[PDB]
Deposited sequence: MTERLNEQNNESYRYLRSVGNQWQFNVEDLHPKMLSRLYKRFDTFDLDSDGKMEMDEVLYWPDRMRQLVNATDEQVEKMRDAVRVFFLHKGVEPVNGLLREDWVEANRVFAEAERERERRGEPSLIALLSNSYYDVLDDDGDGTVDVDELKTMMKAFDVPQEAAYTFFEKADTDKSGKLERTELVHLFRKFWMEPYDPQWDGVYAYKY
């Protein structure tokens, strides 16, 4: 009905590979957090707010910052944020479901996961001392960029630091992103 190939990049993707999948309050809290002016629509300039704040907190290379901005753009375009029309609240749930199928389809096809590309682009920006890994204080900066209490990094670092090494490796940050989105 509402979202389709002409409307939504995850539908465009599914149909380009022949996958016929059709869509039949914690989730809505998420939309309403992204909808910065509370008008009932998510637009791309609103989603680019988050990497723009992250970039102020650290001193990543222009290349890293652009890899992050572009990965956030791609991610949210596939999450249903269209360049002109953006994404309506009425469409949020179905945009999330079709996106989850598109991520499954990518993985079957051996194609890169968009959540993984997002997470890796943050990882390079978060590792602000260049030692190779993200520590808990670097994770706080992430919480600060996302407007979440910095102390919540203790909780998240713990859940994510699955090899108990005291540092997040790339795959662990991917795990934390993924648990978060789907």
| property | result |
| --- | --- |
| Deposited-sequence segments unaccounted for in the coordinates | 1-2, 27-35, 194-208 |
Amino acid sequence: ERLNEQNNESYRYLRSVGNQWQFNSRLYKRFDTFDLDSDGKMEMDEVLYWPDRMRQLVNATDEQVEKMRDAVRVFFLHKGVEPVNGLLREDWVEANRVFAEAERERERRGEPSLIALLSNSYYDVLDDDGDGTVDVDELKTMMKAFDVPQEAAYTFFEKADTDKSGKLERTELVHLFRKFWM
From here on, numbers count along this sequence of modelled residues.
{"item": "Which of 82-90 and 67-75 has higher mean CA B factor, as the PDB entry lists it", "value": "82-90"}
{"item": "Mean temperature factor over C-alpha atoms, higher-scoring stretch between 7-15 and 157-165", "value": "157-165"}
{"item": "Among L27, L117, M142, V134 - the residue whose C-alpha B-factor is largest in the record", "value": "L27"}
{"item": "Highest-ranked of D124, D129, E43, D39 once sorted by CA temperature factor in the record", "value": "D129"}
{"item": "Assigned third (lowest, middle, highest) for the C-alpha B factor of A152", "value": "middle"}
{"item": "Chain-relative CA temperature factor third for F34", "value": "middle"}
